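Okay, structure first, notes after.
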Amino acid sequence: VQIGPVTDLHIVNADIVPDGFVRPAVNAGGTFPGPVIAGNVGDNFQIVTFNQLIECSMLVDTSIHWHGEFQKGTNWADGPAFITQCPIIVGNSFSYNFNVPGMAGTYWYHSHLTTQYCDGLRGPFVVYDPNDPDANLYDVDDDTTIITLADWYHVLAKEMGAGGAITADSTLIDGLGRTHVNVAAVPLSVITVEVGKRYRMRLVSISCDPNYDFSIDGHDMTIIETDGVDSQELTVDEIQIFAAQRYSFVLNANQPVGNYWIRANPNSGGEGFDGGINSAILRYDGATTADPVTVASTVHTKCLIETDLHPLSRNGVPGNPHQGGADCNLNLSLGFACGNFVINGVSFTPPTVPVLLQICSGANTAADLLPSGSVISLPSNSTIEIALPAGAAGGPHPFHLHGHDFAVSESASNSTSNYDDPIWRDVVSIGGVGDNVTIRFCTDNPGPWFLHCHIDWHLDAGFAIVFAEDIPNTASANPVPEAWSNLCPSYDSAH
Ligand SMILES: [O-][O-]
Ligand SMILES: [Cu+2]
Ligand SMILES: [Cu+2]
Ligand SMILES: [Cu+2]
Ligand SMILES: [Cu+2]
């Protein structure tokens, strides 16, 4: 179902059994995944979130992030708890009111309090482009062509320990999938196609942790969009998709009428496809209603390599073509030790007063801001470079920056930088030990912006820092509504 751009979104508790195992959940809009929030580029989004949660086992507070939306001028609407807001308390509501100038494509939204998105609060967010340059490439782009991949857990998030290796208990494709252990024959999702039609498939990782090797038996996939950024056409037969990443790909329904497995193998949890785990069904209209008996290719000959992607627009790369070729160049020390992650020696632990409120209250420098050692100020209209060398305990870590997308100057498993035409995106795998994944952006968005691993279990274990972009202009750029000012008094009184 699609709702928006002006809509109510109620947040409730509900037991669900997507793999046949009933457990509690935290739901946005009453379903899993949450309904698709949609609009056209330049639309004003007004999302009235009603917190109706009662089950403390998963926290009755909440806060929602519109993942990959820049929120320029509306840093208050961004959603990360204790960075840009206090959580909304149960029985209250809050209006996330923002615009999406300049942006189109495939996004999602999720709880950004603690590990609550794992417990169910996650759904797709699509901004349609009435003049999409990729339009002519396909016949069908709508709610039936969105594909969510989701890790599902039988253990309540709050009780995951932590960390501590944590693994999912099944993979759900469009909200349905089978358990990894003691697999019950529960309903699988179906994606239906018509012989000779081309589909814009919107592949969305709403994962709390694993990356997926995604493929469709018998079929190619032509990537045209990556994390919101239009890409040149790239035909692959497999897609490794890390947590929070998105791809639009054209699926040409050119095979014989029949049933074909859709495969999503996670990097941890259940391996393979026995009994229909890690699976959904591509069915052609006219096929018999039965399980596919198809097989994956023994070897995928054109799997996605990030370095093969290029923006469709002439994005280029800001700054100078050598490492450090930026106004403010950073090299982050990313560590793990004794169950906690650190960025430049500091494990992130959320401050009592949100970073944005701290600034609005009169803080001027990163030194003035809590948590200590967890904030790096950036000056305005400057080219930033962030090298993010891997090595820290598994891994591979998908790093995400709020309020920005970014040129991936260097990708995983490949030590050659690209300063000409690398893909831009918002979530990037930093690869493996010895890698040096490097990103670049410009500071054109004053506000405190979260940079963290999108493995949610890693975020709760402290793998995050805040880029306090243009602290001096933050208050002026982001006027807040009274309801926002009301949040922290409410939260703090209730707790
Ligand atoms: O973005 O989490
Ligand atoms: Cu996110
Ligand atoms: Cu985000
Ligand atoms: Cu991580
Ligand atoms: Cu985030």
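Numbers 1 to 495, taken from the entry's author numbering, label the letters of the sequence shown in order. Think of the CB as a built atom: it goes at the ideal place given N, C-alpha and C, for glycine as much as any other residue.
Query, Result
"Return yes when at least one heavy atom of ligand 5 lies under 7 angstroms from the C-beta of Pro80, else no.", "yes"
"Since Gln240 is in the beta strand (DSSP E), which residue starts that stretch and which ends it?", "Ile239 to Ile241"
"Is any heavy atom in ligand 1 found nearer than 7 angstroms to the beta carbon of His402?", "yes"
"Is any non-hydrogen atom of ligand 2 found closer than 7 angstroms to the C-beta of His110, if you look at the structure I gave you?", "yes"
"Please give me, in chain order, every unbroken run of the beta strand (DSSP E) with length at least 3 that falls completely inside the segment 247 to 325.", "259 to 266 and 279 to 284"
"Does ligand 2 have even one heavy atom less than 7 angstroms from the beta-carbon of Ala244?", "yes"
"Using DSSP with H/G/I as helix, E/B as strand and the rest coil, what is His458?", "helix"
"Do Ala25 and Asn13 have their beta-carbon atoms positioned less than 8 angstroms apart in this structure?", "yes"
"What first and last residue would you give for the alpha helix (DSSP H) that runs through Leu203?", "Per DSSP, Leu203 belongs to no alpha helix (DSSP H); it is in the beta strand (DSSP E), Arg198 to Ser205."
"Check whether the Cβ atoms of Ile173 and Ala264 lie closer than 8 angstroms to each other.", "yes"
"Pick from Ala337, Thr192, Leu330 and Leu234: whose alpha carbon is nearest that of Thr289?", "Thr192"
"Can you give the Cα-Cα distance for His180 and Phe399, rounded to whole angstroms?", "27 angstroms"
"From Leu330, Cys328 and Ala412, pick the residue whose C-alpha is nearest to that of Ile305; which is it?", "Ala412"
"In whole angstroms, what separates the C-alpha of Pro350 from that of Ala464?", "10 angstroms"
"Mapping the DSSP letters down to three states, classify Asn364 as helix, strand or coil.", "coil"
"Touch check for the segment 111 to 123 and the segment 377 to 385: three-plus C-beta pairs under 8 angstroms?", "no"
"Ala150 and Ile206 - do their beta-carbons sit closer together than 8 angstroms?", "yes"
"Pick out whichever of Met221, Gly403, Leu369 and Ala483 has its Cα sitting closest to the Cα of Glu233.", "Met221"
"Between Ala280 and the rest of its own chain, which residues show a CB-CB distance below 6 angstroms, the 5 nearest in sequence each way excluded?", "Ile173, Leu188, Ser189 and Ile262"
"For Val186, which option in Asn136, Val17 and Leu459 has the closest C-alpha, if you only look at C-alpha atoms?", "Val17"
"Kindly examine ligand 2 and report whether one of its heavy atoms sits closer than 7 angstroms to the Cβ of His65.", "yes"
"Relative to the C-alpha of residue 533, which candidate in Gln358, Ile359 and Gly345 has its C-alpha closest?", "No answer is possible for residue 533: the residues shown for the chain start at 1 and end at 495."
"Does the distance between the C-beta of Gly42 and the nearest non-hydrogen atom of ligand 3 fall short of 7 angstroms?", "no"
"Please indicate yes or no: does the CB of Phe399 lie closer than 7 angstroms to some heavy atom of ligand 5?", "no"
"Using a Cβ-based criterion (distance less than 7 angstroms to any ligand heavy atom), does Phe463 qualify as near ligand 4?", "yes"
"Using a Cβ distance threshold of 8 angstroms, determine whether the segment 83 to 90 contacts the segment 52 to 65, with at least three qualifying pairs required.", "yes"
"Among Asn445, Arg425, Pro371 and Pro481, which has the Cα closest to the Cα of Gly462?", "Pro371"
"With burial defined as no fewer than 16 other Cβ atoms inside 10 Å of the residue's Cβ, what is the status of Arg314: buried or exposed?", "exposed"
"Hey, out of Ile216, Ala104 and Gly20, whose CA is closest to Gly39's CA?", "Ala104"
"I'd like the span of the alpha helix (DSSP H) that includes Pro489, first residue to last.", "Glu482 to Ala494"
"Quick one: using the 10 Å Cβ neighbour count with 16 as the cut-off for buried, is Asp435 buried or exposed?", "buried"
"Tell me, please, which residues DSSP counts as bridged to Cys328.", "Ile384"
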